[PDB]
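Protein chains in written order, with the entry's author numbering: chain B, 6 to 346, 359 to 923, 931 to 967; chain A, 134 to 346, 359 to 411; chain B', 412 to 550. A prime marks a further copy of an entry chain.
Where a beta carbon is used, it is the ideal one built from N, C-alpha and C, also for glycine.
Taking it in order: structure first as structure tokens, then the write-up.
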Amino acid sequence: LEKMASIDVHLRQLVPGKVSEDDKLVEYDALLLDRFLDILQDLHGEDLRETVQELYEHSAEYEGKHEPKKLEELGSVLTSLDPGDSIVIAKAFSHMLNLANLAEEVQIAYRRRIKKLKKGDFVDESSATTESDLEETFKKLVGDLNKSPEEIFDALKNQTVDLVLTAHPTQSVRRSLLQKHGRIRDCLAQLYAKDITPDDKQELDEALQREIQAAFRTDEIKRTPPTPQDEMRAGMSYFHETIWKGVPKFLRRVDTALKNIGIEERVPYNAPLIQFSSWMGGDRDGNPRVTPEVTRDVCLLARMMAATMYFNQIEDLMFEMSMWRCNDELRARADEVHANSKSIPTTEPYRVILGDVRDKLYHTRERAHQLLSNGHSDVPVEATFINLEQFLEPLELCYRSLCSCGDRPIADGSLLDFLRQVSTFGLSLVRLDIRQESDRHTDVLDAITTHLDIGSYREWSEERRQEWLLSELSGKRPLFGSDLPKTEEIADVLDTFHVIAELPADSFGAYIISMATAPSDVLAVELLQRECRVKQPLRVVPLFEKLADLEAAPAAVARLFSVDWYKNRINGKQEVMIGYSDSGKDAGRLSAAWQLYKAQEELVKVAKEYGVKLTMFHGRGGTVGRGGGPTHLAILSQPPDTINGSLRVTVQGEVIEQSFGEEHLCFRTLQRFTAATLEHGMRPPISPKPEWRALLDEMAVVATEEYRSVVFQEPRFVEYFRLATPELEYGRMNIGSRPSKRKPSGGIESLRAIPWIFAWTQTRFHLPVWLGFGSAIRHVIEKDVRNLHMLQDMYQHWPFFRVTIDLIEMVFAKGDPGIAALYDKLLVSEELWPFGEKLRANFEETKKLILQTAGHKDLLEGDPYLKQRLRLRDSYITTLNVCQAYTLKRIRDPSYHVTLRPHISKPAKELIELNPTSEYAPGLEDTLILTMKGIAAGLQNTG
Amino acid sequence: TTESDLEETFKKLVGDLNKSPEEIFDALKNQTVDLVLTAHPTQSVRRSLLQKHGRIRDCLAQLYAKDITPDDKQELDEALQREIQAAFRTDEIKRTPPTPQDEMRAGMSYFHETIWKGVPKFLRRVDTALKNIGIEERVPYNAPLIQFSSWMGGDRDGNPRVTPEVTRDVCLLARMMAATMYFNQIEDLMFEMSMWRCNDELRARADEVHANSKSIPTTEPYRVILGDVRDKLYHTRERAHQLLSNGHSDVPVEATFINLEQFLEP
Amino acid sequence: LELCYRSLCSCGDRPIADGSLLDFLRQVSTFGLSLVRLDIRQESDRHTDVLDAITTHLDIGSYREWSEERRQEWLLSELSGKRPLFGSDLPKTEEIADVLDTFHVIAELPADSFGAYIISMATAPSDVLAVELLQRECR
């Protein structure tokens with residue numbers, strides 16, 4: 006058994022140098038890989054193991070030198086496998102890749118930071134090795150900006166970081182397989198303790214193998230495209246995993262950091278530095294499966310999870326709180342609770370109060386399980402806490418008392434962590450946002466005006482809409498009753514509003530209007546809210562998606578503030594949502610990014626005019642959605658005063674593991690969010706030179722021209738897209754809960770942005786992310802010999818431009834034109850081949866231009882850590898690519914017969937039997953799904 | 134400091150006494166250690182003060198880690214002082230000479246603290262020691278190498294306060310703590326058991342259990370069986386709380402495990 | 412029951428059917444599910460109070476000052492339209508609350524219990540149309 010000698014060599018060639026000398030990543034992945042291959046040999050035989058290993062060796066050699074021979078050898082081996090062995094190979098490379106991501110997680114989390122590698126400028130904030138922690142951010146604010154610690158302390162007091170969890174665009178992996186990955190990480194880490202005992206080490210190795218097999222022996226398909234509730238619990242897994250415990254530890258570190266610069270107070274417990282929001286069960290844009298009952302469901306489920314967690318916590322709090330000296334107030338309250346009732362003696366008053374609150378917690382949990390599992394309950398209102406204040410009051414009483422008796426140290430222990438968990442998590446953990454297209458609201462209003470015989474709200478001009486909406490919001494007469502012809506959709510909208518009306522506001526964040534374009538969409542949602550008897554209406558949030566919507570958004574927002582009814586309803590607070598990927602699908606990426614910068618600038622000018630406090634909600638696709646070090650500089654790179662102590666970011670499902678799976682991970686996440694928000698608030702990035710703004714305007718025009726000319730003006734583009742890319746299969750298979758298009762018969766316009774990105778990400782081509790940069794940079798470079806220098810100035814001195822280019826370069830590192838060409842060769846008509854060839858030429862050109870801008874000669878020249886990690890994942894992703902290409906060829910072409918090879922080794933008793941009701945050949949559907957999940961998992965995020 | 138551990142004891146048995154590893158393994162199979170817990174001759178300390186001492190120990194130990202970070206060390210010191218005051222600021226008298234049941238719970242604290250997790254860890258270490266001398270089997274799971282007994286609620290010698298009702302109390306309280314621990318354990322056992330290849334015997338039983346019933362899908366049979374065992378555990382615990390807090394129950398005995406065999410079988 | 416009667420007469424047991432079964436059927440038809448049917452009765456002036464509060468809250472005038480025919484006209488246009496008339500945001504005296512809540516209680520019950528809505532001191536068609544409108548707009 007000396008296969009280990011070979012893969013070790015290959016790994017050491019993939020990652021040759023050392024990015025430090027704790028660089029045990031090759032050791033980690035070689036260990037996990039060898040254990041895995043042994044388990045694969047034991048389960049599925051020797052031949053299978055040798056085949057898979059040969060495949061990986063070739064894939065790694067290809068990632069090394071990129072000789073197309075390696076690709077054709079991988080193809081040669083993969084075509085000869087009967088679908089059973091294809092399944093085994095695909096599953097093999099999925100698990101090997103996951104193990105690679107695991108060794109990476111351990112490497113990053115236990116990489117010790119190097120103080121001496123900092124340069125002194127903003128660049129350092131784009132990598133976790135040189136990014137500032139909380140304390141370094143404090144000292145940078147004090148020394149360099151002459152800010153006083155009191156100003157920092159206030160800034161922290163009023164700052165709010167609101168993280169919004171969304172559903173996974175593809176495989177939200179089984180909570181069980183997450184658990185198994187966790188055990189594997191812990192085993193690795195403990196195995197690399199520099200002191201461990203021989204038996205501890207032996208039992209750790211045994212546990213590791215045991216769990217790698219345990220993970221391999223579980224399916225990753227079948228069942229349902231899990232219902233919105235199942236996805237929602239699968240979302241809240243990370244509250245038990247890390248977040249619930251993680252909040253108070255982070256806040257305590259904020260206290261320590263404040264002490265270490267002279268501040269003697271702590272951050273007040275009720276200060277909302279962290280906040281969590283959810284879309285799971287609320288977003289309806291192009292998702293009929295999110296019914297009103299779904300919303301009522303995840304609302305009550307959230308309240309259940311909250312009351313449960315508080316209940317399990319308050320036992321340990323009651324144990325801790327065994328003191329007897331207390332305030333007179335708390336003493337009287339204890340006499341009250343005891344009279345109105359181990360049995361909690363009156364000499365332990367803290368335990369009396371906390372025992373009563375414990376009662377209220379249990380009663381609330383059972384009441385919520387009865388409201389969800391039935392539709393009514395018997396539990397009266399008084400056995401439960403209805404708002405957060407009733408909950409907070411007795412705890413704050415206990416804190417007051419403890420500090421009264423000089424037991425503040427005791428009060429700053431379990432009690433403080435509990436109070437902060439109550440303030441951060443509320444009664445619901447999260448606040449659910451509802452989201453819906455504007456056109457559905459317009460449908461409802463049109464049905465209403467037609468039923469009232471006033472015209473059709475749809476035909477009305479934007480201002481006429483505004484006028485009718487204003488008169489209707491003014492009056493005292495309700496608008497409709499049950500006697501209204503309601504389509505299924507109209508009924509969905511109205512019933513959603515009623516469900517909102519019949520629930521506590523503690524669960525609801527914002528009403529987000531997708532495809533928002535004009536003030537009438539916002540006023541419309543406000544009116545529907547009031548006329549559906551929504552007691553405390555939600556804040557309305559427009560989502561300007563298309564480019565023109567971004568150009569006209571400040572004018573619409575100003576017009577909204579200028580309206581007295583809205584000006585008083587919003588109460589000096591406004592939240593606007595931007596979508597990096599949504600605008601990118603419309604007008605290319607460069608134009609969408611620059612337009613977003615300008616649009617935020619103008620929105621801030623409007624908010625300063627009308628004296629409203631603006632919060633910018635960053636959707637998916639952004640720079641702030643990459644996760645990790647890059648998020649630091651990305652947040653720093655927002656236009657000045659666009660943050661102002663209120664950040665709101667989408668936590669994409671594809672990153673939620675890299676952000677909240679582990680302890681160190683969650684801590685560093687909350688830390689970089691808080692530090693970035695604070696520093697940007699007190700130290701805005703430089704304002705751009707005007708020549709820069711003009712240059713970006715020209716490049717935006719050229720880029721949008723090329724982008725739309727390719728995606729929309731070329732007629733055969735959609736045929737090419739359907740051929741060279743698994744878009745249709747993703748649209749058909751039980752991968753995501755949402756349909757891939759809004760209208761089945763439309764082109765790319767009606768296609769959603771998630772399948773648009775995902776489709777081209779799968780083929781290692783990434784056309785939506787970089788398309789447009791080539792023609793623009795070429796254009797300005799030819800226009801003047803000097804512009805290049807100017808561009809290179811921006812990349813090195815303008816944070817915004819730097820984070821944009823950096824993202825593009827990183828995506829190019831995840832790309833490979835040769836693999837794309839393989840997809841073309843197997844799946845595209847011959848008369849369409851040159852088309853693709855031309856695109857690929859563009860690809861290469863764009864790459865060479867991006868490099869020239871960054872002053873780099875290789876991709877990711879400045880970040881060799883990331884280069885190493887990407888190289889390592891890629892060596893696994895490439896085989897999944899080829900396997901996917903040929904599998905597509907077989908699925909689409911029943912006339913393409915292959916020369917099969919003999920089967921290898923072992931109602932379902934073998935891997936091929938796990939899909940009975942299959943449409944295509946046995947095991948092809950599952951292989952395609954496997955490669956899609958594996959490639960998608962190995963590439964993570966791009967654009 | 135110089136006493137023999139398990140493995141050194143093995144090598145002393147094998148090298149010096151010419152005992153075969155098989156003889157050692159058999160001896161272990163048949164050996165039983167029955168540890169009997171008694172009430173404290175004086176202060177059986179409050180379970181809360183146990184917890185506080187525990188936090189103090191953890192704080193000391195982590196404070197003397199040869200790698201610790203400045204902020205971790207500062208927060209550790211703060212936690213240490215905080216907990217020392219916390220312990221000092223609690224009384225240790227009043228109330229009653231705690232009822233035999235109160236002393237009995239205060240005895241069973243140590244199952245949660247260490248013993249419940251500690252037993253299988255030790256047994257696994259016995260397995261490792263057997264591997265290192267050539268034995269490929271493990272110590273059978275149903276072998277009673279460790280056994281626990283109690284006098285708390287049973288010893289009456291010179292003690293009028295141990296009434297028969299006290300005995301029935303500590304009996305049912307013990308069973309409650311047992312069913313509790315098993316229940317809380319079997320959730321993580323159900324998470325682990327997500328495999329799909331299974332025995333024909335297990336397949337048939339799973340088809341049966343699912344037919345007689359997240360909703361436990363039939364292609365995860367282990368989760369079917371263990372979810373059923375979870376059901377019986379819950380019913381047993383609630384039944385014991387009803388027999389203790391009342392004197393009767395409505396929950397039928399057949400919804401619960403009555404003997405160790407019904408429990409072990411699935 | 413009628414099935415049992417049909418059957419008995421089918422087998423020529425009509426005499427048996429005309430005994431306890433017939434008395435039972437007649438008791439069901441005479442007494443229904445409620446023995447009696449409850450009439451509601453109220454002064455017309457209370458309905459006028461409610462309509463006056465509504466027209467004042469809508470800033471249209473005071474239904475009270477309006478002549479009998481003008482009342483008739485507003486009542487007719489309102490009974491014609493498709494828009495409801497008011498919501499919880501309405502200044503309601505104790506009496507107005509009594510009237511509206513009475514109408515809601517009528518709405519939340521089976522019609523088997525209710526006979527007639529009787530207007531005491533009835534004087535003009537607007538009193539009747541008014542009660543009809545309040546009935547509809549109270550669902």
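Simplified DSSP state of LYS227 of chain B, which is helix, strand or coil
DSSP, reduced to helix, strand and coil, places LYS227 of chain B outside both helices and strands of the structure shown, so it counts as coil.
Segment contact flag, the stretch 788-806 of chain B with the stretch 842-851 of chain B, C-beta cutoff 8 angstroms, min 3 pairs
No, they do not touch.
Applying a beta-carbon distance threshold of less than 8 angstroms, which residues of chain A neighbour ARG918 of chain B?
Chain A residues near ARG918 of chain B: none, gap ~24 angstroms exceeds 8 angstroms.
By how many angstroms is the C-alpha of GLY698 of chain B removed from the C-alpha of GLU619 of chain B?
Linking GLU619 of chain B to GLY698 of chain B through their CA atoms gives a straight-line distance of about 18 angstroms.
Can you tell me which of A:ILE189, A:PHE281, A:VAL398 puts its alpha carbon nearest to the alpha carbon of residue 349 of chain A?
This structure gives no coordinates for residue 349 of chain A. The numbering of chain A moves from 346 immediately to 359.
One or two residues paired with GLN164 of chain A in a DSSP bridge:
DSSP output for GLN164 of chain A lists no bridge partner at all.
The stretch 193-207 of chain B: positions lying closer than 8 angstroms to chain A by Cβ
Considering only beta carbons, the part of the stretch 193-207 of chain B lying closer than 8 angstroms to chain A consists of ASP204, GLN207, in chain order.
Hey, is the stretch 504-518 of chain B' in contact with the stretch 477-491 of chain B', meaning 3+ C-beta pairs nearer than 8 angstroms?
Touching, no.
Quick check on DSSP: helix, strand or coil for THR667 of chain B?
Correct three-state label for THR667 of chain B: strand.
Using the three-state DSSP reduction, which class does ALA198 of chain B fall into: helix, strand or coil?
Note: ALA198 of chain B maps to coil in three-state DSSP.
In whole angstroms, give me the CA-to-CA distance for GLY835 of chain B and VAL82 of chain B.
Roughly 18 angstroms separates the two Cα atoms.
Tell me which residue opens and which closes the beta strand (DSSP E) that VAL557 of chain B is part of.
It spans 556-561 - the beta strand (DSSP E) in which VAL557 of chain B sits, taken as one unbroken run.
Please report the Cβ distance between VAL666 of chain B and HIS635 of chain B, rounded to the nearest whole angstrom; I am assuming they are in contact, meaning their Cβ atoms lie under 8 angstroms.
Rounded, the Cβ-Cβ distance is 5 angstroms, consistent with contact.
How big is the Cα-Cα spacing for residue 349 of chain B and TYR379 of chain B?
Along chain B, the last residue before the gap is 346 and the first after it is 359, so residue 349 of chain B carries no coordinates.
Quick one: list the residues of chain B neighbouring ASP500 of chain B', beta-carbon separation under 8 angstroms, in chain order.
For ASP500 of chain B', the chain B residues whose Cβ falls inside 8 angstroms of its Cβ are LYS493, in order along the chain.
Residue 347 of chain A, enclosing alpha helix (DSSP H) - first and last residue
No coordinates exist for residue 347 of chain A; the numbering of chain A passes from 346 to 359 with nothing in between.
Here's the rule I'm using: 16 or more other beta-carbon atoms within 10 Å means buried, otherwise exposed. How should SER25 of chain B be labelled?
The residue is exposed, with fewer than 16 neighbouring Cβ atoms inside 10 Å.
Per DSSP, what kind of secondary structure is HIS393 of chain A in: helix, strand or coil?
Note: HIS393 of chain A maps to coil in three-state DSSP.
For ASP463 of chain B', which residues from the same chain have a beta carbon less than 8 angstroms from its beta carbon, with the 5 sequence-adjacent residues on both sides left out?
Result list for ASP463 of chain B': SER473, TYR474, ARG475, in chain order.
Please report the residue range of the alpha helix (DSSP H) in which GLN546 of chain B lies.
That run of the alpha helix (DSSP H) goes 536-548.
In whole angstroms, give me the CA-to-CA distance for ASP603 of chain B and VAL147 of chain B.
Cα-Cα distance, rounded: 43 angstroms.
Leaving out five residues before and five after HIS63 of chain B in sequence, what residues of the same chain have Cβ atoms less than 7 angstroms from its Cβ?
Cβ within range, chain order: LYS75, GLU78, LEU79.
Take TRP787 of chain B and list the residues in its own chain whose beta-carbon comes closer than 6 angstroms to its own, dropping the five residues that flank it on each side.
Residues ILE825, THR863 of the same chain have their beta carbon placed closer than 6 angstroms to that of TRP787 of chain B, with the five preceding and five following residues left out of the count.
Contact check, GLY372 of chain A vs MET328 of chain A, beta carbons under 8 angstroms
With contacts defined by Cβ atoms closer than 8 angstroms, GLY372 of chain A and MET328 of chain A do not form a contacting pair.
Starting from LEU449 of chain B, follow its DSSP beta bridges and name the residues at the other end.
Answer by DSSP bridge pairing, in chain order: B:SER283, B:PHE525.
In chain order, what are the residue ranges of uninterrupted beta strand (DSSP E) at least 3 long that sit wholly in the stretch 630-664 of chain B?
Those beta strand (DSSP E) runs which fall completely within the stretch 630-664 of chain B and span 3+ residues are 630-635.
Neighbourhood of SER440 of chain B' by C-beta distance below 7 angstroms, restricted to the same chain and skipping five residues each side
No residues qualify anywhere along the chain.
With a threshold of 8 angstroms between beta-carbons, can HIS468 of chain B' be considered close to chain B, or not?
Yes, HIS468 of chain B' counts as interfacial toward chain B.
Once DSSP output is grouped into helix, strand and coil, what is the label at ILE894 of chain B?
Under the three-state reduction of DSSP, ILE894 of chain B is assigned to helix.
Would you call the CB atoms of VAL899 of chain B and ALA741 of chain B closer than 8 angstroms?
No; because the gap between Cβ atoms is not below 8 angstroms, this pair is not in contact.
Reduced DSSP secondary structure (H/G/I, E/B, other) of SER64 of chain B:
The answer is helix: DSSP assigns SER64 of chain B an H, G or I state.
Which one of A:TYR367, A:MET309, A:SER346, A:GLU320 has the shortest CA to CA distance from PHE402 of chain A?
Answer by Cα proximity: A:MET309.
Taking 8 angstroms as the limit between beta carbons, can you name the residues of its chain near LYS630 of chain B, skipping five residues before and five after?
Closer than 8 angstroms at the Cβ level, and outside the excluded window around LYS630 of chain B, lie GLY589, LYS590, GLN591, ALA624, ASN661, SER663.
Distance, Cα to Cα, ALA337 of chain A vs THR363 of chain A?
So the alpha carbons of these two residues sit roughly 11 angstroms apart.
Neighbour-count burial assignment, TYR115 of chain B, 16 or more Cβ in a 10 Å radius
Under this definition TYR115 of chain B is an exposed residue.
Where does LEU446 of chain B land, buried or exposed, given buried means 16+ other C-beta within 10 angstroms?
The Cβ neighbour count for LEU446 of chain B, taken over all protein chains shown within 10 Å, is at least 16; the residue is labelled buried.
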